[PDB]
């Protein structure tokens, strides 16, 4: 058995692919000058569940006729430490993608947290978020929900199922049970409504689809759809298939990134 220390020390445990990148301290580790284009929106991201949220919304907005949603899109390679460069830390001191710079105003505005970026864009354009104050509250409920729930899917289930050097029974059981409760929840809501927060497709759908929709379609962690009995959540599956077939979702998944070095 393990003797729990009275004060924790970093004794470099092997945490899988992110060992060396994961640290108990925050901050920039090297000077980095990021490229910047001419469009209003400079998006510093990666094709991941969080990153596709934002490229899906931007493509949906473009598709809806909002041509002022044109963006430049740069690859921050988080397996390479790019998120620790000084210019990226200026955009998001948390060193995570996505981070958005909006240089459209008179002052540059940094926007981070994927769910926040969804909100910020939706409010800016008045689209994919209902104007009706009551419908709006219910959309935000699910948006914030996603923000609070995804860590258990990504940081818990994902990490212990896919990344950790050893399969560990008790944490796998704990996060698997939780992810299944989240999938049952979503499935039971989608049994009653065409979209997560009602009758229309919104930023809540985008936020949740990028994680849970891709998960049930078998496009997240290898072997996870089987493991989680994904095809059992048939309301969620059907909603995810519908979304996957939207032309802007396809584009928001296929858009290509500009390198930073």
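Residue numbers count along the first chain shown, from 1.
A summary of the deposited B-factors shows that, of 84-92 and 118-126, the stretch with the larger mean C-alpha value is 118-126. The mean C-alpha temperature factor is higher for 3-11 when 3-11 and 252-260 are set side by side. In the deposited coordinates, the residue among 208, 34, 236, 70 with the greatest CA B-factor is 70.
The maximum CA B-factor among the listed residues 202, 55, 50, 217, taken from the PDB record, is found at 217.
Per-chain ranking of the deposited C-alpha B factor places residue 40 in the middle third. Compared with the other modelled residues of the chain, the Cα B-factor recorded for residue 98 ranks in the lowest third. Sorting the modelled residues of the chain by their CA temperature factor places residue 134 in the highest third. For residue 46, the recorded CA B-factor ranks within the lowest third of the chain. Only modelled residues enter the ranking.
Among all modelled residues in its chain, residue 151 ranks in the lowest third by Cα B-factor.
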